[PDB]
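Read the single chain below, which is given as structure tokens and is the form deposited in one PDB entry.
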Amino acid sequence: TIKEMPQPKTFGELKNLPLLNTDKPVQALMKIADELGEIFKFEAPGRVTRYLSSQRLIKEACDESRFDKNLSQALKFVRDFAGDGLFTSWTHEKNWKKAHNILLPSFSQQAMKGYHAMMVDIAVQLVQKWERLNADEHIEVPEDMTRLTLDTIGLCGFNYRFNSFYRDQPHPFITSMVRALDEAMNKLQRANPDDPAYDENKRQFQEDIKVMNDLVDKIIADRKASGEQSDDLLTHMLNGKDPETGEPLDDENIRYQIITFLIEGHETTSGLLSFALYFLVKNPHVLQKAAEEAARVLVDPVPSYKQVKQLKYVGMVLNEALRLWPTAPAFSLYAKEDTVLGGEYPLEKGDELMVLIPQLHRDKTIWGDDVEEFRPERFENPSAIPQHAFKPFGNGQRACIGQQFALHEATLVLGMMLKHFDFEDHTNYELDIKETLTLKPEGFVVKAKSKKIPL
């Protein structure tokens, strides 16, 4: 048969929408998953999506023959400032492919290699920021993670120096960028968008959207007036030609990929670093195993692309951190054509599936009776993991492009951190995940005793 689809409390016209009225809608969703199963329908006025929690359905939607990346309502609100950079453009849309072809070359094994030196530059500034601290003082973890991640993509990707550690308040781009994500996320719970009480908010949006674009204007500016032969993301953006179309990328699009890269390729990573340092601190053995591994690979003052390549264990910490709290928490798909999802559910073409990744990772029939446990080891043999079971980086062609960049910077700095530093959970931090589309622990702070080792 057709089963009728499960689906939570409705409120007349408001449908399900009053359910999502919260700061933590993805958490609220996980909860409703938990209550409802492996697939439920969420309907709001105008839209309708099905959330998918279960590996069985997921792998079925992960099939490119049947389901293309769809722009979820979130994305569409991100799309007002990201237009059609890779993140927030349809698959069937000239600029997507173009920018893939044009822009991928910047993520290949050799590029990783040149990027390395400049990662280190950063990860050093950090280590040093933490080494210059006095007794009384703690580190505000996800704040400083964010200082790292952003300066890194800046220099790696664009050879601009945000100079985040030269500053004690978060960076103007960070601030207007956060308020933009927060906007996109509230616009999702709005009964009535055109209400006059949201006028102060639309103004605030344009204000921050500008700040962001300003910084691109500074970035492109200073690439003009430069002794370059940079081989980064920007030179490719600005000068590659899509071998499929012979064409290069329009100014308008370039300026969307700049914004895209400066957001998506730093926020998700610092999220990880912080969930990572979280579970470490809450699990003092795991910390120790990985802090030792580390002592004995990073034998050099300053690490090296291959040195990072051996942090076997610390890449395992990271996968797990990402397994528990996937910091880009969902992707979206439409039905390419009418189908039936696991033999039970009739989809019309156009239908919006939507993958709760943090629930996908908690499918107990895949991972064991103990999903909520932070066990890096479950990542001893990559082999054992069924396909479509650990998708923290999306699916098929529509997949994190920055992936191996990300793991590489996390693995890098995590590792250096693990090596110069004793980390004391001084306040018994209880985990608070802040949502702004992506996820990041909030108010997570720690103390760091050095092992006075220079660099």
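One-based numbering along the sequence shown.
Beyond the structure shown, there is the form solved in complex with a partner chain, which is absent from this document and is the topic of what follows.
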Although the partner isn't part of this model, could you tell me whether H100 comes within 4.5 Å of the partner chain in the deposited bound form, counting any heavy atom of the residue? yes
Report whether the minimum heavy atom distance between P346 and the partner chain in the deposited bound form is within 4.5 Å. no
Quick one: is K241 in contact with the partner chain in the deposited bound form, heavy atoms, 4.5 Å cut-off? yes
Should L104 be counted as a contact of the partner chain in the deposited bound form, where contact means heavy atoms within 4.5 Å? yes
Residues in which of 353 to 361, 271 to 279, 376 to 384, 322 to 330 have heavy atoms within 4.5 Å of the partner chain in the deposited bound form? 376 to 384
